[PDB]
Amino acid sequence: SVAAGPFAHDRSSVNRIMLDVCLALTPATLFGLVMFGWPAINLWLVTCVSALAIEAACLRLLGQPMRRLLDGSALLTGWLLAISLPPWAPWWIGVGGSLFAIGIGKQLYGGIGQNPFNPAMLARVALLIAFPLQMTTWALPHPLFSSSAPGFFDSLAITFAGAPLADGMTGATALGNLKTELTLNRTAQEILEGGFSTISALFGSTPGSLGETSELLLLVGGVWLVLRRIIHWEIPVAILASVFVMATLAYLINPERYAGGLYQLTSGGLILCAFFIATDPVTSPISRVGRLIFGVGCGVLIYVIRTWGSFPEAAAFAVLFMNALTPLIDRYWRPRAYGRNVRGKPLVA
Amino acid sequence: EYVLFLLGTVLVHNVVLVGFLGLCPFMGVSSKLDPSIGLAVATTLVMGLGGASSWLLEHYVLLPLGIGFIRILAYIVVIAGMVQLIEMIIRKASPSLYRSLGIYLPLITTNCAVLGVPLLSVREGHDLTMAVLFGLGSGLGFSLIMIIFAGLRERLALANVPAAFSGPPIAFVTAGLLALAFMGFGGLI
Amino acid sequence: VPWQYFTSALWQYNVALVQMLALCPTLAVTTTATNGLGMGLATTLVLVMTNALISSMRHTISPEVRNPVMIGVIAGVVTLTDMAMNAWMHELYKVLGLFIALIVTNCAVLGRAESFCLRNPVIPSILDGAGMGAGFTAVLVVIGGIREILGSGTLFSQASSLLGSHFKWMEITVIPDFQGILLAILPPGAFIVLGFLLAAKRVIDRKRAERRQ
Amino acid sequence: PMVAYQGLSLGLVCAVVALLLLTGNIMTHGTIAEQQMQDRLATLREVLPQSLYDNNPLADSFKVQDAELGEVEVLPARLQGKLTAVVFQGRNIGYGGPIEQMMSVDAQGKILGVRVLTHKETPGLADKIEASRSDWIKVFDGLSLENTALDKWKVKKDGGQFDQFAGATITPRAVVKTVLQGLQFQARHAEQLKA
Amino acid sequence: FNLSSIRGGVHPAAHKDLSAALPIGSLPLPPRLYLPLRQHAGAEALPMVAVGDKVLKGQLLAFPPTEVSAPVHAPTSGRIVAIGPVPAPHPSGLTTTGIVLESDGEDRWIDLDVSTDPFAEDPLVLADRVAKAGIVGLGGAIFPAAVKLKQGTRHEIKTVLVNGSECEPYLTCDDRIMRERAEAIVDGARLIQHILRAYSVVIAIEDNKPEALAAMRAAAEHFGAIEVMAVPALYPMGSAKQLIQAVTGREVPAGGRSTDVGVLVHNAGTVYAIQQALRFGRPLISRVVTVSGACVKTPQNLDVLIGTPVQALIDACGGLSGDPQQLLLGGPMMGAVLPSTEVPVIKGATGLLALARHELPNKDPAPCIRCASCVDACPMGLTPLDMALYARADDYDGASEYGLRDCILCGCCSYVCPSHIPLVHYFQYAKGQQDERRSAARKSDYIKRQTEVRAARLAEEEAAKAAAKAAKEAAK
Amino acid sequence: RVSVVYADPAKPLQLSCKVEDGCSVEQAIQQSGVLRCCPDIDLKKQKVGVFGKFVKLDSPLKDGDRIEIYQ
Amino acid sequence: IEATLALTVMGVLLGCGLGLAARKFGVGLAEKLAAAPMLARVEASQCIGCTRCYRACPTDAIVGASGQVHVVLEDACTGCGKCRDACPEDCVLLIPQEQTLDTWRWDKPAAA
Ligand SMILES: CCCCCCCCCCCCCCCCCCCC(=O)O[C@H](COC(=O)CCCCCCCCCCCCCC)COP(=O)(O)OCCN
Ligand SMILES: CCCCCCCCCCCCO[C@@H]1O[C@H](CO)[C@@H](O[C@H]2O[C@H](CO)[C@@H](O)[C@H](O)[C@H]2O)[C@H](O)[C@H]1O
Ligand SMILES: CCCCCCCCCCCCO[C@@H]1O[C@H](CO)[C@@H](O[C@H]2O[C@H](CO)[C@@H](O)[C@H](O)[C@H]2O)[C@H](O)[C@H]1O
Ligand SMILES: CCCCCCCCCCCCO[C@@H]1O[C@H](CO)[C@@H](O[C@H]2O[C@H](CO)[C@@H](O)[C@H](O)[C@H]2O)[C@H](O)[C@H]1O
Ligand SMILES: CCCCCCCCCCCCO[C@@H]1O[C@H](CO)[C@@H](O[C@H]2O[C@H](CO)[C@@H](O)[C@H](O)[C@H]2O)[C@H](O)[C@H]1O
Ligand SMILES: CCCCCCCCCCCCO[C@@H]1O[C@H](CO)[C@@H](O[C@H]2O[C@H](CO)[C@@H](O)[C@H](O)[C@H]2O)[C@H](O)[C@H]1O
Ligand SMILES: CCCCCCCCCCCCO[C@@H]1O[C@H](CO)[C@@H](O[C@H]2O[C@H](CO)[C@@H](O)[C@H](O)[C@H]2O)[C@H](O)[C@H]1O
Ligand SMILES: CCCCCCCCCCCCO[C@@H]1O[C@H](CO)[C@@H](O[C@H]2O[C@H](CO)[C@@H](O)[C@H](O)[C@H]2O)[C@H](O)[C@H]1O
Ligand SMILES: CCCCCCCCCCCCO[C@@H]1O[C@H](CO)[C@@H](O[C@H]2O[C@H](CO)[C@@H](O)[C@H](O)[C@H]2O)[C@H](O)[C@H]1O
Ligand SMILES: Cc1cc2nc3c(=O)[nH]c(=O)nc-3n(C[C@H](O)[C@H](O)[C@H](O)COP(=O)(O)O)c2cc1C
Ligand SMILES: Cc1cc2nc3c(=O)[nH]c(=O)nc-3n(C[C@H](O)[C@H](O)[C@H](O)CO)c2cc1C
Ligand code: SF4
Ligand code: SF4
Ligand code: SF4
Ligand code: SF4
Ligand code: FES
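Protein chains in written order, with the entry's author numbering: chain D, 5 to 353; chain A, 2 to 190; chain E, 16 to 228; chain G, 34 to 228; chain C, 3 to 478; chain H, 2 to 72; chain B, 2 to 26, 76 to 85, 98 to 174.
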């Protein structure tokens, strides 16, 4: 057997890409771990380790090389799922999420590069549908080493086993609170005047998911990813612009019922989804117009299901729907060739 | 409004993912995209015509005579006859047209959707316009789901799916995941 | 041998597992083992009666309007079954709902009526219908049992109120003190279970062929 | 193979089948109606004890037009020409849509039992309204508008006395509001409903 | 004019500074030369000499059988010893028909047929003069220059483009050929502009060759219409389809030649060969090759006679200073692995790279992650991932729909692939399979036509003979 | 437009050459250049045929003919 | 009864219409509808110019006539064997086609 060319390469690798994504996620992950305390650390470690172990088992069953474990595509899935989960969640929530993602969502279709849906978001949706009580309990920020957060073994009892969180440690967030108070015949202004501060919401000093809370360190990480040419700006720009424009229009039309702009941007996992999750290379279009369509659809779906839907946030549902729509976009928006028109016929000259 | 009704029929109340109607042709023909599009158009037209004919038969013949328990039989029989005509009339008048609608028409003579939708619409007590819109919306939802699933299966056919799951089983798993994804539209309309 | 059709229709040609038919009731009424068993029994009875009628009326059907005749011969029978189990099995009728009426369009029923009942005597058609019904019932029971065990832990629950007190011996409980995974009962849980059953069928067929070799 | 024969076959089939279907219908329609009536009685019996009523409750159905609820379906339970209980239905918007429940209030304002008939709340989070999973719906069993002023008829979130589900408060709000509206509606309409 | 911008492209490490310092060296005459009879594209030339014949430097050993071919001339005087099989510079290593010439060492020229005032004759005479000289387009495409010029004459040419933008890494032959022989290249460009009635010549060099640009500008400063342009330093820039877009701004229509947009592209070595052939009558006998790599003691450029074995070139440049992990005939991006050092040097040989282990990247193939970095780097604007997906599943017809027809095998796909996939290998395999199917279909059509014609002629002859015999017996 | 074939078992050659209409086998063979390929060809000694029939050097040939030189 | 007659009028009309249309104008099977070469070889001794191979060869593969001329094949052969039994001395030696440079194709990559 002879060797074919080319005999040059740019030293690129999948491991570098995945580890760079993890490094970008690192600062917001640390901010979330410090803010919520030890149970967040326990859940994060459990989710990541379970994801890696299940990936190794699935690779062993399928006969694939164990070196596929070293590219970090499973650690990244576990990381994103763990930072997408509530902070003070039980261990079995994380273990089941990792099992449902790495497994059905990824390894049952062949492995990396073969699945049609986002694994982490698939696991998140499955957990929310199957276990709605454990996925809707948001703990207030109890900073590490603050004399009010539970200790090490108390946090062990909180995460493993079933020690109750007592009283006064669980609060309501922003989106769900706004929707509930709107159902309480209060206009959209009084709810936000005395129950929402943009400065504290943008920094990340509010209850929420593990890494979703801070919409600034996530922005820094996404900007670093964009500059390093790992992701394309089309999807984040389109998602954020669509959400902001729709929110501003609805605020201008009916200010007493719709909240728009800064409130929508600095709430939920919109920035995390736009930068780190909606930009999944395997389940996103390979074109430019295709990526723009993907982003605009994601933003429109997110806003529509936020405002009029039955969920406080629909980043996962929007991402899954657009992952379903991806193949048609790929096959109907191919780039133009050389010496041919957009229809594929040879140029005339 | 009617746009809300149509969108709720297409997305919130999809006839396949939450209705489990017309799954055999849906799982059999969605391997390729062109047959999927052809069957989608054919089933949309057939469902609209069947809804209109079923409402006319129920509110002009069955109820005035007092025989309602017969409805099922009458329904399917009429639909069957209609389908045959819509095949044969388009197997001579326009031979070119017997490549996008005529070929797939025998598949939907008995589809469980062309009969499920009229029976569901009877219980809701829809009028003629509402019945026709219900049929058209269910057909549109079936068409959109079939097209999306055909695209997904075409992309999966060129992937490294394990030998124990390649084919129908991976299609069923993907359809379950698709239903899970569509589960986010609940309560919107 | 006439008994060959009954044995061969169980696994060699399974209606919902080999021919890829009758998927609507397979996926819809499967949240409990009792629902699957009742639907399978009703479909088996309808198949037997329709096959017998079609075969006894075999040399009377014109080729061009074969469908609207036989469909009628099916539809009326189905109607009677409806009007039967709406009157004396109302508890089971309220659970199945629309899919007891949607047996006329069941692809397996019409497929067996057309393919086999138009070129075989009455006894082979009856045996083929019984075999297809038994295979469909077995598939439904398996899928319903798996889904019910996953979603609730219990197996064959409320058999007494649905299928009569005589079947009270079938109510068993697996995994006591278990709240269950809610996703199995939901529509996302049906397609996945069916796909896994198909994969298991393929694997066991390959292994059986290897052992025979 | 002649145009006469296809029509004759497709007419004979539809004639024989129609005759059989009509015979089956005339055989089983009475049994079907009896089964439906028995199901209605079984649904009613879960809130109304047998000893309280003597006549048939689903025979003297009233229809009262109020100012808020609209038109109601009050079923009286008279022992000997005297009203002892009234059973009606209340509807109110919850989280996933309207919730329809049945209430049986005695002749003195005490509640004899509340059951929820139709709901589409999220399973596993707000499904305790059903009596088959929890006894929360059995809280309203001795209350009235006399021993409970217009301050305790709210969930504990709004400053009342009725418990709320862990992670689900809108559904308890809707149920409590429906119960309070039913009690106030009985209070407004005297005599016929009050006695 | 003004340079436009091409789409896609990569920036590999040039490695051009270790060999483009010393001037063009010379080779001692090797004992024997192996000249393959097919050093061009199209039909194979037919030998005219026998075993043992004495030939002079420049004798026409083989002549073209058809229009699309080129003759083979004897690089040096000697005696023919074999007309048989010789090793071929191919990855497979299979032999090919070729002559073996034993170098006498006298190196005596033949009586060449020189011209007189080349700027006096009609273009067809110059075209056939180029045809009878063996010019073969020393650019890699090894297409005959006479055919290209003749096709260019029929259309209207508005620009003659000298493709001096040497873009492959490690290769510096064009750089020296333009530093040292700018005057001859300019004269050849003027001769080509006379052959094809045109407006101007637009000689193009990459910006990473300041000395070549300075030499060319100094040489061509008084002739007017001659222009020197400095294209950017991008790898797929020397390709005709991309250089035409960079210079003119137009795109060559798919399935069409460069003359449609009125541009003719010639290499900086082919122009020099044309100038030599027209002015002095010298055929194509020797070219300039580059010996480079970390396993060669002194990388350099050598004026190599055609048919010289590779081992002579390796020995001339000091020698193998270590273990050469790969031997490539050309640049890393489009080169081929040499079987051994006994392989000769054809007219299309561009380099003799000896790449060590620390210069060759290590690759562990992995499943495609759909990063779409192939689409961003493809010069032709194709989707390499889809083509590889369809070629792996033996769906060549579906791969052609995604651009396999227009692929130029540049190698920009595998150079930017995170999961190291041999995309170019898949494309070459698919193109080979398509070519095999096409050849089989062509053979089937030809044999069916031959059978039809032979049967028809035999039947008509038999019928005519039978009729003639029947007429003969009637009068008997 | 005709073809010239050398049936030498060691090396069977086939070439195609365009000749003026009304030409002869001698002139067609001279134009085809088969003599320079094989100097051991004796046009007066070896057999020259058309489609398997021995022919004469100055015999006229038509379009589509196949001159063959063999033992 | 009007019901049986109104459901018989339908049964005769929908049958007569279908019959008229037919005269004038399985689910599984329905979806299926919708969805080493060799060359001859002649040695230098077994051929005596008996012209039998050219006589039995539909293709113009064998070239030559007369006797002691050593007729040889061409590239037009297809291995049909029409010349095998034709030769009394069994000169035809059909063999598989050998690999050459012009018939060399790249091999598929192993796996990923
Ligand atoms: C009380 C206990 C509860 C336990 C519940 C467990 C829940 C698990 C949920 C899914 C998580 C893991 C998903 C499986 C990962 C598959 C990875 C590939 C493995 C695979 O395909 O292996 C093949 C074996 O398949 C087979 O042979 C498939 C057998 C299927 C068994 C039947 C399962 C029915 C139940 C389905 C449950 C679905 C739950 C959904 C909510 C053979 O590999 P190959 O042939 O390619 O060879 C390759 C080398 N030679
Ligand atoms: C590195 C190994 C793998 C790591 C992953 C698995 C870790 C599992 C940790 C074991 C489970 C946690 O174990 C947890 O222990 C703590 C601290 O004693 C107990 O804590 C509780 O019970 C103890 C009884 O001794 C009380 O004194 C204490 O005040 C109370 O918090 C919890 O009831 C138990 O749930
Ligand atoms: C991929 C990593 C997966 C991490 C999985 C870690 C799971 C660990 C579960 C910890 C056990 C929780 O379940 C617990 O079991 C036992 C009862 O048998 C009791 O727990 C007690 O015993 C267990 C071991 O038996 C001790 O580890 C624990 O410290 C102690 O509190 C608690 O009543 C119950 O809460
Ligand atoms: C559908 C998508 C997700 C796939 C999920 C796959 C299954 C994951 C586990 C589902 C279990 C649900 O059932 C769940 O069982 C766990 C045990 O694990 C019980 O957990 C109980 O024991 C565990 C230790 O084992 C304690 O830590 C816990 O505090 C206690 O409640 C939960 O009270 C019950 O809710
Ligand atoms: C490497 C990246 C950087 C790593 C940073 C790690 C340190 C992070 C510490 C900040 C997190 C905790 O810090 C903060 O604590 C306070 C109480 O002390 C919490 O509680 C309160 O703080 C804010 C202050 O604006 C109040 O307005 C608000 O009512 C409430 O949220 C915050 O929600 C939490 O944000
Ligand atoms: C994100 C990238 C795309 C940017 C695109 C920008 C295009 C639109 C520009 C017009 C935007 C006007 O944006 C306007 O800003 C005001 C503050 O001035 C914000 O309004 C803000 O303060 C008001 C009260 O003062 C609050 O009630 C409101 O909830 C809060 O968002 C709104 O978001 C919007 O009403
Ligand atoms: C799927 C079922 C089998 C196919 C059904 C085809 C139609 C058959 C109709 C005849 C049914 C005979 O069934 C007969 O009905 C009686 C009621 O009279 C049932 O008797 C019992 O059934 C119900 C179930 O809803 C019990 O709750 C109740 O205590 C009792 O009435 C028995 O099950 C059987 O004795
Ligand atoms: C890589 C991932 C590794 C995952 C590791 C999974 C093993 C973890 C073992 C946890 C310990 C046992 O976990 C569980 O404990 C609870 C009490 O807490 C008991 O569980 C009990 O409730 C569960 C509810 O789902 C039911 O199975 C049953 O009613 C009973 O067993 C059992 O003891 C054991 O099922
Ligand atoms: C692909 C693009 C799709 C674009 C979709 C945009 C159209 C959807 C928004 C317009 C409809 C708003 O719909 C409005 O909102 C509520 C919930 O918020 C819907 O839903 C409401 O009613 C339904 C039925 O009773 C129940 O689910 C429940 O009571 C409540 O959710 C109502 O039907 C309507 O009052
Ligand atoms: C990827 C690629 C790179 C090429 N690089 C060069 C180059 O550097 N120099 C060159 O003269 N031709 C290059 N060519 C192709 C031809 O040699 C050139 O475009 C033109 O055809 C020269 O014609 P000639 O051989 O008649 O001179 C390249 C072709 C490809 C596909
Ligand atoms: C930019 C980027 C974003 C990613 N986002 C996700 C994600 O949201 N969920 C996930 O499971 N993997 C994610 N991955 C990992 C990888 O895309 C995933 O393993 C593929 O789905 C493999 O099937 C991401 C990787 C990159 C480089
Ligand atoms: S560069 Fe490689 S991994 Fe990226 S899309 Fe192309 S083939 Fe896939
Ligand atoms: S090899 Fe072909 S597909 Fe790849 S970059 Fe070059 S032209 Fe594009
Ligand atoms: S048949 Fe045999 S002997 Fe006769 S001519 Fe042909 S090869 Fe020669
Ligand atoms: S095998 Fe057939 S084609 Fe080939 S030489 Fe013999 S007869 Fe001719
Ligand atoms: S489509 Fe086949 S049973 Fe419904």
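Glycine is no exception: its CB is placed at the ideal position from the N, C-alpha and C atoms.
Asked	Found
As assigned by DSSP and simplified to three states, the class of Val102(C)	strand
Near-chain A residues of the segment 84 to 103 of chain E (beta-carbon distance less than 9 Å), N- to C-terminal order	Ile86, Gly87, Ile89, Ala90, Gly91, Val93, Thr94, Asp97, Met98
Closest by C-alpha distance to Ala22(C), when choosing among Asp177(C), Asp106(C), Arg192(C), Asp109(C)	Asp177(C)
Supposed contact pair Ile309(D) and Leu5(A) - C-beta distance, whole angstroms, cut 8 Å	Rounded, the Cβ-Cβ distance is 15 Å, inconsistent with contact.
For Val104(B), the residue or residues it bridges with in DSSP	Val154(B)
Contact test: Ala148(B) Cβ vs ligand 14 heavy atom, cutoff 7 Å	yes
beta-carbon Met185(E) near ligand 11 non-hydrogen atom, thresh 7 Å	no
Proximity of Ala134(D) and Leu197(E) at Cβ, strictly below 8 Å	yes
Nearest-residue set for ligand 2, Cβ under 6 Å from any heavy atom	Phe157(D), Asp158(D), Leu160(D), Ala161(D), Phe164(D), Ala165(D)
Where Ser137(G) sits in the DSSP three-state scheme	strand
Buried versus exposed, by CB contacts within 10 Å (16 or more), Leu304(C)	buried
Which of helix, strand or coil DSSP assigns to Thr162(B)	coil
Nearest-angstrom Cα separation, counted from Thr161(C) out to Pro311(C)	38 Å
8 Å Cβ cutoff, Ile309(D) in contact with chain A	yes
Helix, strand or coil at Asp305(C) according to DSSP, with G and I counted as helix	strand
Assigned secondary structure, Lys187(G) (DSSP; H/G/I helix, E/B strand, else coil)	coil
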